[PDB]
Amino acid sequence: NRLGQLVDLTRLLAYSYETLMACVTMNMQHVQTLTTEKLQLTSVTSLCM
Amino acid sequence: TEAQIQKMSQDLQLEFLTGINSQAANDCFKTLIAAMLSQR
Amino acid sequence: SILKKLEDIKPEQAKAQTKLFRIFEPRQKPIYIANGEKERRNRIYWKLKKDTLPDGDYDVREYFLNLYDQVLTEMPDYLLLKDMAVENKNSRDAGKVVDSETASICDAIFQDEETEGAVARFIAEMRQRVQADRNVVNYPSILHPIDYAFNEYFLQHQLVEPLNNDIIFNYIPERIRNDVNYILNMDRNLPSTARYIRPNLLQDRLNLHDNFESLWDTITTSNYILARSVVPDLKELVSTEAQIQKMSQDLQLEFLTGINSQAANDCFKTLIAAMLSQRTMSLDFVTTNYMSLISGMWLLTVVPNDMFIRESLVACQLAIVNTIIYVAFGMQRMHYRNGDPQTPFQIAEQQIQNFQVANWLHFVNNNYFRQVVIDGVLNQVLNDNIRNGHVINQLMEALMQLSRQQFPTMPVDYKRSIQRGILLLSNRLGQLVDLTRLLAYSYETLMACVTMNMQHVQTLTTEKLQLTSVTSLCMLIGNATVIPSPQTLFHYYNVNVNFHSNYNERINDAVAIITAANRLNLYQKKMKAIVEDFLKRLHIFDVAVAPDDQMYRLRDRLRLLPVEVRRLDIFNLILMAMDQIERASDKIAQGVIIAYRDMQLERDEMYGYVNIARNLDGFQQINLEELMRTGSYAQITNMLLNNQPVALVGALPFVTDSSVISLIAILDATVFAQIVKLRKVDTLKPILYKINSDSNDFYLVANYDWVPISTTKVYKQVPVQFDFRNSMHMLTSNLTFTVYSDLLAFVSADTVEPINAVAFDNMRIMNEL
Amino acid sequence: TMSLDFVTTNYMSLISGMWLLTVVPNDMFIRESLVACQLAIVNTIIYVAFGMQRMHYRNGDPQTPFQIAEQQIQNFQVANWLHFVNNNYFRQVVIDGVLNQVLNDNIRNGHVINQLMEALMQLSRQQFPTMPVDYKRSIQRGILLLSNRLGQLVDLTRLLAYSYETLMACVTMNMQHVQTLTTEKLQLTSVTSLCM
Amino acid sequence: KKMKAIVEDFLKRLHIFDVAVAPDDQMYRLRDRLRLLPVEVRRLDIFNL
Amino acid sequence: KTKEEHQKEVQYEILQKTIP
């Protein structure tokens, strides 16, 4: 029941990612690493709702 | 936030849903975008 | 609590237009000759009565939307024309006019020494002509053509309708008049000239019965509260102590908890209300209370399955089957897993062998409601085998078989207790039959008094109901019948129709506003405010609870519905004449034209020597709205720097300068440097040239007789001239008519004798003589 | 124009209203009162006694319910009485150039009361099927009570007729006949009191 | 001569009415009824004289 | 019922304000 808001949120995220990545100078590879960052699932639900 | 918590509690028919605050949402959003950016 | 909120709804007020909705009013202005001197005789033109329009085309569209909202909110329902009448002092036939301001205008025109006599004689000739034999009158009025068109459209689509006694006699729903147990009576006549207002009787178009369970549950709770308020109480209950001691003697003890009159009344009211409003209910009972189980079995026998939550139904069926049914014939007890699509009663039907019990279980399994459309209202009706109450016998026979089997694999005392319970329930067969017939008739009669579509969809909030009250009701019912009081029924019907009309009116208003906003190319308006206004005006919610996401989803759902005809035509009329209303304003312009070529100015009989470009052909059109919206300045800057012709279209405030010094010393083009320097066009203020004799600097244009030449022109249209012979109109209306509201207070009904009540099949309701 | 006010729980009120409808022509009332009284009387006394289904009816038909009663019951006494009440209307006459509305001759001499008494006595000994004991007993005993006043009812009705004639004789202005806005409240209990 | 005033006086001089309650359309109907009646001969002859 | 009687009085008064 949150279709329009989810669409706006996801495409806003996409646009922010594009804008921020535009100014990155050094290249970025893609490979697994030792450490990680804790992502809170409850926080994800909060952002979605 | 309070109204959304009330609505979710009523709709989920709870007899969990804690830890829902705007600060957590902002921190999660920032973490997600930064992780996608810096290739973490 | 919420009873006051849902019962304090009065019919939506029909506004009485005290004066015609005015946008244009006459104003007297001076004029000049083509040479530029005063004529010493003033002329009256048209000017906007209100001049609060802000600059910016987006703000112009916002003001237009607000104007449409004001017009629709101030809509006249019934339009009287005798009340708005002030006698003209100048009509030598002693006529009367429509508005006080019209009288002021007539006096002003009649008394002005610079005006001719033909218009004065036309003014004096105004007089209303009344033709009462066809109920039509004519009045004089002076308006701008837009105002006259709006007034005519209001006049020719009034909501009144001729009223007669038989019309009110047919205003009652059919399933009340057709029955015999209710009789209607009047006590007053109605004249042939009176009129009333019909409410709106259109069904749901938001599909609130699907995928909107929050508000649907709220509405269901409100209607359930109302039904609990309206359903009649019980009269002549058997004394509690005598019944208790008689049951105790019948049971031979050496259970009965929860048997009070209040419990029976609450159970009756709650059951009827929940059935009426389609509010699902949940049960609760101690599994070791056999009499509670049997009472619940009767309750499931009468009320169908679809009105019960799967949890409560599963628990009740499991308890019933594994405490009585398989215990009877001594077969292995079933283990019905909680969650199978099958039901315990279905498995029992597929398992057992005996005839009557299987037949009764089969009846209780598939007994679903039937959807029937009556009089344009959808309703839920029980099967015809339930209203005449014959199926109860098909119950009892099965129960009687339960008293014949030997109950193997059980001690004697358990069989004795079960036989005692079934015998106590059996000896009251007639009481159960009368109660079931009474319930059927009461439900049918009451439910026939609702005028909104109903659906059988489980909601979130579930009603709590213990079975001990049901046992008390089944053990305590007596002989006196109960028929709903006509006064309470009529009050309930009035409240329901008021609620439905309010809902429909708010729906139409919101649809009209949203349609106009989306057709005027509005896209910078947070639309949650309109939905919040709608929800608040429905007068049952609090906007502090429902969030914005559901508001936006409701808006998207609502856009689909085509709007009502009157509002659609109102919007068409207000949009078709948008440009004339916008341009005639004397506070904003329509753009600036730049050519950098020597061009002459125009001569008008309202501004003298004015710099005006009537058309914009032959130039490049650039939108100021887009210029501010996107923030770009590339094309305009390059076009202006190289000194090339440009044209701008958009709203701009103007500064009036009436000095020939400013005319000769070019200063009408130096207000473009800030566009490059400040890179913002929010406060662009073009200078409006104007030369006339009032400014005491016109001698320059007279002595040397030169034609003024400038480099800029302002996109403004001279207001149209005013002619009195054209604005005159003969409005049409009705002579006089008393508007009636709260109509059902004029009909009274008498209860039939409670004994002689007839329910549906030409037979008495209760029979335990 | 007279409106009819009653409380349906008092069946004696409808019993007296039977006499009221017989004496006063039905065109003197408003349609609401006439249809309500007819429906109540027909669905509480006669059709209850004759084992017929309650009269399903729709408001606003061009024919009054009494006509339907007339063409549905083949018991000669009550059918004839119902027909007489059905076609009892004010008679349009002109006397000395003055327009007047006067009653029929048959009621004027006090004769319809005998017909009403005979019909009531016929209803008294009727079987009255599918009705409880005390209700039926009370109904038929009240009917007997009203029947047991034959001579006094005859005298009362013909005295009313004579008083109406005498008073109407001196009326100068003509009287039309048309429905009006307001009415006068007639107390059914007072009618029963006058009858008894 | 506003006929409404004359009709008002006529109604008020019947001693059984109340002018301040009458409806205007019925007043106009009554006026139109009155307009078409022939006057009695005495008053007509007085007017002729 | 008192509120109902008040409403009926209001309606009948509106009707009566058209009778002299």
# chains A, B, ... in the order shown; residues from 1 in each chain; ligands from 1
$ select_by_dssp --residues "stretch 295-520 of chain C" --states "strand (DSSP E or B)" --output "number ranges by chain"
C: 308, 370-374, 377-381, 463-466
$ closest_atom_pairs --of "chain B" --to "chain C" --cutoff "10 Å" --atoms "only C-alpha atoms" --output "JSON lines"
{"residue": "B:1", "atom": "CA", "partner": "C:547", "partner_atom": "CA", "distance": 9.4}
{"residue": "B:2", "atom": "CA", "partner": "C:545", "partner_atom": "CA", "distance": 8.5}
{"residue": "B:3", "atom": "CA", "partner": "C:545", "partner_atom": "CA", "distance": 5.0}
{"residue": "B:4", "atom": "CA", "partner": "C:547", "partner_atom": "CA", "distance": 6.7}
{"residue": "B:5", "atom": "CA", "partner": "C:545", "partner_atom": "CA", "distance": 9.8}
{"residue": "B:6", "atom": "CA", "partner": "C:545", "partner_atom": "CA", "distance": 7.8}
{"residue": "B:7", "atom": "CA", "partner": "C:545", "partner_atom": "CA", "distance": 7.5}
{"residue": "B:10", "atom": "CA", "partner": "C:460", "partner_atom": "CA", "distance": 7.5}
{"residue": "B:11", "atom": "CA", "partner": "C:460", "partner_atom": "CA", "distance": 6.5}
{"residue": "B:12", "atom": "CA", "partner": "C:460", "partner_atom": "CA", "distance": 8.7}
{"residue": "B:13", "atom": "CA", "partner": "C:460", "partner_atom": "CA", "distance": 7.3}
$ atom_distance --atom1 "atom CA of residue D:78" --atom2 "atom CA of residue D:49"
11.9 Å
$ residues_around --residues "stretch 280-293 of chain C" --least-positions-apart "3" --cutoff "10 Å" --atoms "only C-alpha atoms" --output "PDB file with N, CA, C and O atoms, in the first residue's frame"
ATOM      1  N   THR C 220     -17.065   0.603  10.110  1.00  0.00           N
ATOM      2  CA  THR C 220     -17.813  -0.538  10.621  1.00  0.00           C
ATOM      3  C   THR C 220     -17.994  -0.443  12.127  1.00  0.00           C
ATOM      4  O   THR C 220     -19.066  -0.761  12.649  1.00  0.00           O
ATOM      5  N   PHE C 255     -20.535 -24.532  34.606  1.00  0.00           N
ATOM      6  CA  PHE C 255     -21.871 -24.975  34.985  1.00  0.00           C
ATOM      7  C   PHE C 255     -22.914 -23.885  34.761  1.00  0.00           C
ATOM      8  O   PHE C 255     -23.189 -23.498  33.627  1.00  0.00           O
ATOM      9  N   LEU C 256     -23.492 -23.397  35.854  1.00  0.00           N
ATOM     10  CA  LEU C 256     -24.530 -22.377  35.809  1.00  0.00           C
ATOM     11  C   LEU C 256     -23.984 -20.961  35.902  1.00  0.00           C
ATOM     12  O   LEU C 256     -24.769 -20.009  35.873  1.00  0.00           O
ATOM     13  N   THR C 270     -25.468  -7.319  20.708  1.00  0.00           N
ATOM     14  CA  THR C 270     -24.197  -7.470  20.017  1.00  0.00           C
ATOM     15  C   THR C 270     -24.335  -8.371  18.801  1.00  0.00           C
ATOM     16  O   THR C 270     -23.797  -8.066  17.732  1.00  0.00           O
ATOM     17  N   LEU C 271     -25.063  -9.481  18.938  1.00  0.00           N
ATOM     18  CA  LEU C 271     -25.250 -10.382  17.808  1.00  0.00           C
ATOM     19  C   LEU C 271     -25.969  -9.677  16.666  1.00  0.00           C
ATOM     20  O   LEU C 271     -25.523  -9.727  15.511  1.00  0.00           O
ATOM     21  N   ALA C 274     -23.663  -6.903  15.086  1.00  0.00           N
ATOM     22  CA  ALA C 274     -22.568  -7.458  14.304  1.00  0.00           C
ATOM     23  C   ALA C 274     -23.074  -8.050  13.000  1.00  0.00           C
ATOM     24  O   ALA C 274     -22.438  -7.891  11.952  1.00  0.00           O
ATOM     25  N   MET C 275     -24.218  -8.736  13.040  1.00  0.00           N
ATOM     26  CA  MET C 275     -24.796  -9.245  11.801  1.00  0.00           C
ATOM     27  C   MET C 275     -25.169  -8.105  10.862  1.00  0.00           C
ATOM     28  O   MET C 275     -24.949  -8.195   9.648  1.00  0.00           O
ATOM     29  N   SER C 277     -23.976  -4.894  10.620  1.00  0.00           N
ATOM     30  CA  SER C 277     -22.894  -4.084  10.080  1.00  0.00           C
ATOM     31  C   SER C 277     -21.754  -4.906   9.492  1.00  0.00           C
ATOM     32  O   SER C 277     -20.756  -4.320   9.062  1.00  0.00           O
ATOM     33  N   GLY C 296     -23.108 -22.800  21.988  1.00  0.00           N
ATOM     34  CA  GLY C 296     -22.358 -22.380  20.819  1.00  0.00           C
ATOM     35  C   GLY C 296     -22.712 -23.174  19.580  1.00  0.00           C
ATOM     36  O   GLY C 296     -22.698 -22.641  18.470  1.00  0.00           O
ATOM     37  N   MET C 297     -23.020 -24.461  19.748  1.00  0.00           N
ATOM     38  CA  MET C 297     -23.450 -25.272  18.615  1.00  0.00           C
ATOM     39  C   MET C 297     -24.761 -24.751  18.044  1.00  0.00           C
ATOM     40  O   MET C 297     -24.927 -24.669  16.823  1.00  0.00           O
ATOM     41  N   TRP C 298     -25.702 -24.387  18.914  1.00  0.00           N
ATOM     42  CA  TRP C 298     -26.931 -23.757  18.437  1.00  0.00           C
ATOM     43  C   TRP C 298     -26.629 -22.448  17.719  1.00  0.00           C
ATOM     44  O   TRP C 298     -27.206 -22.157  16.661  1.00  0.00           O
ATOM     45  N   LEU C 299     -25.724 -21.647  18.286  1.00  0.00           N
ATOM     46  CA  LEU C 299     -25.373 -20.370  17.672  1.00  0.00           C
ATOM     47  C   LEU C 299     -24.788 -20.572  16.282  1.00  0.00           C
ATOM     48  O   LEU C 299     -25.077 -19.803  15.359  1.00  0.00           O
ATOM     49  N   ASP C 306     -19.453 -17.720   7.784  1.00  0.00           N
ATOM     50  CA  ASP C 306     -18.620 -16.664   7.217  1.00  0.00           C
ATOM     51  C   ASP C 306     -18.422 -15.489   8.168  1.00  0.00           C
ATOM     52  O   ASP C 306     -17.500 -14.694   7.964  1.00  0.00           O
ATOM     53  N   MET C 307     -19.252 -15.364   9.205  1.00  0.00           N
ATOM     54  CA  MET C 307     -19.129 -14.280  10.171  1.00  0.00           C
ATOM     55  C   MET C 307     -18.291 -14.659  11.385  1.00  0.00           C
ATOM     56  O   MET C 307     -18.530 -14.137  12.482  1.00  0.00           O
ATOM     57  N   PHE C 308     -17.323 -15.559  11.233  1.00  0.00           N
ATOM     58  CA  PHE C 308     -16.505 -15.978  12.360  1.00  0.00           C
ATOM     59  C   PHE C 308     -15.048 -16.098  11.942  1.00  0.00           C
ATOM     60  O   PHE C 308     -14.741 -16.594  10.854  1.00  0.00           O
ATOM     61  N   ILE C 309     -14.155 -15.634  12.819  1.00  0.00           N
ATOM     62  CA  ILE C 309     -12.722 -15.746  12.578  1.00  0.00           C
ATOM     63  C   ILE C 309     -12.323 -17.215  12.586  1.00  0.00           C
ATOM     64  O   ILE C 309     -12.861 -18.018  13.361  1.00  0.00           O
ATOM     65  N   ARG C 310     -11.380 -17.575  11.711  1.00  0.00           N
ATOM     66  CA  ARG C 310     -10.987 -18.974  11.564  1.00  0.00           C
ATOM     67  C   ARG C 310     -10.511 -19.569  12.885  1.00  0.00           C
ATOM     68  O   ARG C 310     -10.757 -20.749  13.161  1.00  0.00           O
ATOM     69  N   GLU C 311      -9.839 -18.772  13.719  1.00  0.00           N
ATOM     70  CA  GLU C 311      -9.350 -19.285  14.996  1.00  0.00           C
ATOM     71  C   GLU C 311     -10.503 -19.719  15.893  1.00  0.00           C
ATOM     72  O   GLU C 311     -10.526 -20.848  16.401  1.00  0.00           O
ATOM     73  N   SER C 312     -11.471 -18.826  16.104  1.00  0.00           N
ATOM     74  CA  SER C 312     -12.592 -19.143  16.979  1.00  0.00           C
ATOM     75  C   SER C 312     -13.423 -20.289  16.422  1.00  0.00           C
ATOM     76  O   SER C 312     -13.832 -21.186  17.170  1.00  0.00           O
ATOM     77  N   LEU C 313     -13.688 -20.273  15.116  1.00  0.00           N
ATOM     78  CA  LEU C 313     -14.461 -21.349  14.510  1.00  0.00           C
ATOM     79  C   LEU C 313     -13.754 -22.686  14.669  1.00  0.00           C
ATOM     80  O   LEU C 313     -14.384 -23.692  15.015  1.00  0.00           O
ATOM     81  N   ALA C 315     -11.502 -23.574  16.954  1.00  0.00           N
ATOM     82  CA  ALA C 315     -11.499 -23.999  18.350  1.00  0.00           C
ATOM     83  C   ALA C 315     -12.862 -24.541  18.758  1.00  0.00           C
ATOM     84  O   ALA C 315     -12.962 -25.603  19.388  1.00  0.00           O
ATOM     85  N   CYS C 316     -13.930 -23.828  18.391  1.00  0.00           N
ATOM     86  CA  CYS C 316     -15.271 -24.266  18.757  1.00  0.00           C
ATOM     87  C   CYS C 316     -15.610 -25.602  18.110  1.00  0.00           C
ATOM     88  O   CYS C 316     -16.153 -26.497  18.768  1.00  0.00           O
ATOM     89  N   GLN C 317     -15.289 -25.761  16.823  1.00  0.00           N
ATOM     90  CA  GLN C 317     -15.579 -27.022  16.152  1.00  0.00           C
ATOM     91  C   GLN C 317     -14.793 -28.168  16.770  1.00  0.00           C
ATOM     92  O   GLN C 317     -15.339 -29.257  16.979  1.00  0.00           O
ATOM     93  N   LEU C 318     -13.510 -27.946  17.065  1.00  0.00           N
ATOM     94  CA  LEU C 318     -12.696 -28.997  17.667  1.00  0.00           C
ATOM     95  C   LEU C 318     -13.268 -29.419  19.010  1.00  0.00           C
ATOM     96  O   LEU C 318     -13.424 -30.617  19.288  1.00  0.00           O
ATOM     97  N   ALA C 319     -13.606 -28.441  19.854  1.00  0.00           N
ATOM     98  CA  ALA C 319     -14.176 -28.763  21.155  1.00  0.00           C
ATOM     99  C   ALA C 319     -15.475 -29.542  21.001  1.00  0.00           C
ATOM    100  O   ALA C 319     -15.663 -30.586  21.635  1.00  0.00           O
ATOM    101  N   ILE C 320     -16.368 -29.071  20.125  1.00  0.00           N
ATOM    102  CA  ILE C 320     -17.663 -29.726  19.958  1.00  0.00           C
ATOM    103  C   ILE C 320     -17.477 -31.164  19.498  1.00  0.00           C
ATOM    104  O   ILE C 320     -18.021 -32.102  20.098  1.00  0.00           O
ATOM    105  N   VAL C 321     -16.688 -31.364  18.439  1.00  0.00           N
ATOM    106  CA  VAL C 321     -16.571 -32.700  17.869  1.00  0.00           C
ATOM    107  C   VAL C 321     -15.921 -33.646  18.869  1.00  0.00           C
ATOM    108  O   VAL C 321     -16.504 -34.678  19.216  1.00  0.00           O
ATOM    109  N   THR C 323     -15.605 -33.465  22.036  1.00  0.00           N
ATOM    110  CA  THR C 323     -16.256 -33.613  23.325  1.00  0.00           C
ATOM    111  C   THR C 323     -17.617 -34.286  23.246  1.00  0.00           C
ATOM    112  O   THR C 323     -18.071 -34.835  24.254  1.00  0.00           O
ATOM    113  N   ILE C 324     -18.273 -34.281  22.086  1.00  0.00           N
ATOM    114  CA  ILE C 324     -19.580 -34.922  21.997  1.00  0.00           C
ATOM    115  C   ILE C 324     -19.642 -35.940  20.864  1.00  0.00           C
ATOM    116  O   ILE C 324     -20.025 -37.098  21.077  1.00  0.00           O
ATOM    117  N   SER C 417     -24.028 -36.710  32.539  1.00  0.00           N
ATOM    118  CA  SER C 417     -23.927 -35.254  32.463  1.00  0.00           C
ATOM    119  C   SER C 417     -24.272 -34.746  31.068  1.00  0.00           C
ATOM    120  O   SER C 417     -24.990 -33.746  30.920  1.00  0.00           O
ATOM    121  N   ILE C 418     -23.773 -35.421  30.030  1.00  0.00           N
ATOM    122  CA  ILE C 418     -24.078 -34.987  28.670  1.00  0.00           C
ATOM    123  C   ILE C 418     -25.567 -35.131  28.386  1.00  0.00           C
ATOM    124  O   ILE C 418     -26.178 -34.264  27.747  1.00  0.00           O
ATOM    125  N   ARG C 420     -27.949 -34.958  30.599  1.00  0.00           N
ATOM    126  CA  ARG C 420     -28.607 -33.878  31.326  1.00  0.00           C
ATOM    127  C   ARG C 420     -28.546 -32.576  30.539  1.00  0.00           C
ATOM    128  O   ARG C 420     -29.548 -31.862  30.415  1.00  0.00           O
ATOM    129  N   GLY C 421     -27.372 -32.256  29.993  1.00  0.00           N
ATOM    130  CA  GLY C 421     -27.245 -31.023  29.228  1.00  0.00           C
ATOM    131  C   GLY C 421     -28.116 -31.017  27.987  1.00  0.00           C
ATOM    132  O   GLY C 421     -28.833 -30.047  27.712  1.00  0.00           O
ATOM    133  N   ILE C 422     -28.080 -32.114  27.227  1.00  0.00           N
ATOM    134  CA  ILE C 422     -28.867 -32.174  26.002  1.00  0.00           C
ATOM    135  C   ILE C 422     -30.357 -32.174  26.318  1.00  0.00           C
ATOM    136  O   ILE C 422     -31.149 -31.601  25.568  1.00  0.00           O
ATOM    137  N   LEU C 424     -31.773 -30.653  28.975  1.00  0.00           N
ATOM    138  CA  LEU C 424     -32.114 -29.289  29.358  1.00  0.00           C
ATOM    139  C   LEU C 424     -32.246 -28.398  28.131  1.00  0.00           C
ATOM    140  O   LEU C 424     -33.141 -27.547  28.066  1.00  0.00           O
ATOM    141  N   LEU C 425     -31.366 -28.580  27.145  1.00  0.00           N
ATOM    142  CA  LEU C 425     -31.505 -27.815  25.909  1.00  0.00           C
ATOM    143  C   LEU C 425     -32.707 -28.273  25.089  1.00  0.00           C
ATOM    144  O   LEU C 425     -33.310 -27.467  24.372  1.00  0.00           O
ATOM    145  N   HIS C 456     -19.113  -8.771   2.679  1.00  0.00           N
ATOM    146  CA  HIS C 456     -18.741  -9.730   3.715  1.00  0.00           C
ATOM    147  C   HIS C 456     -17.231  -9.932   3.662  1.00  0.00           C
ATOM    148  O   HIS C 456     -16.718 -10.903   3.108  1.00  0.00           O
ATOM    149  N   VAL C 457     -16.513  -8.987   4.262  1.00  0.00           N
ATOM    150  CA  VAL C 457     -15.058  -9.020   4.322  1.00  0.00           C
ATOM    151  C   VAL C 457     -14.642  -8.847   5.773  1.00  0.00           C
ATOM    152  O   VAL C 457     -15.034  -7.870   6.421  1.00  0.00           O
ATOM    153  N   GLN C 458     -13.851  -9.789   6.276  1.00  0.00           N
ATOM    154  CA  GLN C 458     -13.337  -9.688   7.633  1.00  0.00           C
ATOM    155  C   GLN C 458     -12.448  -8.458   7.767  1.00  0.00           C
ATOM    156  O   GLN C 458     -11.655  -8.147   6.875  1.00  0.00           O
ATOM    157  N   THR C 459     -12.585  -7.754   8.882  1.00  0.00           N
ATOM    158  CA  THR C 459     -11.793  -6.566   9.155  1.00  0.00           C
ATOM    159  C   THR C 459     -10.790  -6.857  10.264  1.00  0.00           C
ATOM    160  O   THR C 459     -10.698  -7.976  10.778  1.00  0.00           O
ATOM    161  N   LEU C 460     -10.035  -5.824  10.643  1.00  0.00           N
ATOM    162  CA  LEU C 460      -8.951  -6.010  11.599  1.00  0.00           C
ATOM    163  C   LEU C 460      -9.485  -6.145  13.020  1.00  0.00           C
ATOM    164  O   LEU C 460      -9.263  -7.163  13.687  1.00  0.00           O
ATOM    165  N   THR C 461     -10.189  -5.127  13.504  1.00  0.00           N
ATOM    166  CA  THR C 461     -10.737  -5.182  14.852  1.00  0.00           C
ATOM    167  C   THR C 461     -11.871  -6.195  14.908  1.00  0.00           C
ATOM    168  O   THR C 461     -12.776  -6.178  14.070  1.00  0.00           O
ATOM    169  N   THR C 462     -11.819  -7.084  15.895  1.00  0.00           N
ATOM    170  CA  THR C 462     -12.774  -8.172  16.024  1.00  0.00           C
ATOM    171  C   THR C 462     -13.552  -8.027  17.322  1.00  0.00           C
ATOM    172  O   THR C 462     -12.990  -7.651  18.356  1.00  0.00           O
ATOM    173  N   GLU C 463     -14.846  -8.332  17.265  1.00  0.00           N
ATOM    174  CA  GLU C 463     -15.711  -8.196  18.428  1.00  0.00           C
ATOM    175  C   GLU C 463     -15.529  -9.365  19.387  1.00  0.00           C
ATOM    176  O   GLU C 463     -15.423 -10.522  18.970  1.00  0.00           O
ATOM    177  N   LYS C 464     -15.501  -9.052  20.678  1.00  0.00           N
ATOM    178  CA  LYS C 464     -15.376 -10.056  21.725  1.00  0.00           C
ATOM    179  C   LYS C 464     -16.760 -10.433  22.237  1.00  0.00           C
ATOM    180  O   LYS C 464     -17.585  -9.557  22.515  1.00  0.00           O
ATOM    181  N   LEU C 465     -17.008 -11.734  22.359  1.00  0.00           N
ATOM    182  CA  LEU C 465     -18.311 -12.225  22.809  1.00  0.00           C
ATOM    183  C   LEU C 465     -18.128 -13.590  23.449  1.00  0.00           C
ATOM    184  O   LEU C 465     -17.696 -14.533  22.780  1.00  0.00           O
ATOM    185  N   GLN C 466     -18.458 -13.698  24.731  1.00  0.00           N
ATOM    186  CA  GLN C 466     -18.400 -14.965  25.441  1.00  0.00           C
ATOM    187  C   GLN C 466     -19.708 -15.727  25.266  1.00  0.00           C
ATOM    188  O   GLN C 466     -20.771 -15.137  25.060  1.00  0.00           O
ATOM    189  N   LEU C 467     -19.618 -17.055  25.347  1.00  0.00           N
ATOM    190  CA  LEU C 467     -20.775 -17.902  25.087  1.00  0.00           C
ATOM    191  C   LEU C 467     -21.691 -18.055  26.292  1.00  0.00           C
ATOM    192  O   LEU C 467     -22.823 -18.527  26.132  1.00  0.00           O
ATOM    193  N   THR C 468     -21.234 -17.681  27.489  1.00  0.00           N
ATOM    194  CA  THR C 468     -22.096 -17.784  28.662  1.00  0.00           C
ATOM    195  C   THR C 468     -23.331 -16.911  28.503  1.00  0.00           C
ATOM    196  O   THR C 468     -24.435 -17.301  28.901  1.00  0.00           O
ATOM    197  N   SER C 469     -23.163 -15.725  27.918  1.00  0.00           N
ATOM    198  CA  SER C 469     -24.315 -14.879  27.638  1.00  0.00           C
ATOM    199  C   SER C 469     -25.272 -15.564  26.672  1.00  0.00           C
ATOM    200  O   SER C 469     -26.495 -15.452  26.815  1.00  0.00           O
ATOM    201  N   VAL C 470     -24.735 -16.279  25.682  1.00  0.00           N
ATOM    202  CA  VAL C 470     -25.590 -16.990  24.738  1.00  0.00           C
ATOM    203  C   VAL C 470     -26.373 -18.085  25.450  1.00  0.00           C
ATOM    204  O   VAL C 470     -27.563 -18.290  25.184  1.00  0.00           O
ATOM    205  N   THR C 471     -25.715 -18.809  26.357  1.00  0.00           N
ATOM    206  CA  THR C 471     -26.416 -19.824  27.136  1.00  0.00           C
ATOM    207  C   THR C 471     -27.518 -19.196  27.979  1.00  0.00           C
ATOM    208  O   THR C 471     -28.628 -19.735  28.072  1.00  0.00           O
ATOM    209  N   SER C 472     -27.229 -18.048  28.595  1.00  0.00           N
ATOM    210  CA  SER C 472     -28.243 -17.361  29.385  1.00  0.00           C
ATOM    211  C   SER C 472     -29.428 -16.954  28.522  1.00  0.00           C
ATOM    212  O   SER C 472     -30.584 -17.102  28.933  1.00  0.00           O
TER     213      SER C 472
END
$ closest_residue --among "E:48, E:19, E:13, E:6" --to "residue E:31" --atoms "only C-alpha atoms"
E:6
$ residues_around --residues "residue D:121" --least-positions-apart "4" --cutoff "8 Å" --atoms "only C-alpha atoms" --output "short mmCIF file (atom, residue, chain, number, x, y, z; two decimals) with C-alpha atoms, in the first residue's frame"
data_model
loop_
_atom_site.label_atom_id
_atom_site.label_comp_id
_atom_site.auth_asym_id
_atom_site.auth_seq_id
_atom_site.Cartn_x
_atom_site.Cartn_y
_atom_site.Cartn_z
CA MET D 117 -74.71 -4.43 14.91
CA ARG D 125 -69.63 -16.09 17.20
CA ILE D 143 -67.35 -6.41 19.89
CA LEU D 144 -70.30 -7.71 21.92
CA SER D 147 -73.13 -4.41 19.70
#
$ closest_atom_pairs --of "chain E" --to "chain C" --cutoff "10 Å" --atoms "only C-alpha atoms" --output "tab-separated table"
residue	atom	partner	partner_atom	distance
E:1	CA	C:94	CA	8.5
E:2	CA	C:94	CA	8.1
E:23	CA	C:736	CA	7.4
E:24	CA	C:736	CA	7.0
E:25	CA	C:735	CA	5.6
E:26	CA	C:132	CA	7.8
E:27	CA	C:132	CA	9.2
E:28	CA	C:132	CA	6.3
E:29	CA	C:132	CA	5.7
E:30	CA	C:132	CA	9.5
E:31	CA	C:132	CA	9.8
E:32	CA	C:132	CA	8.3
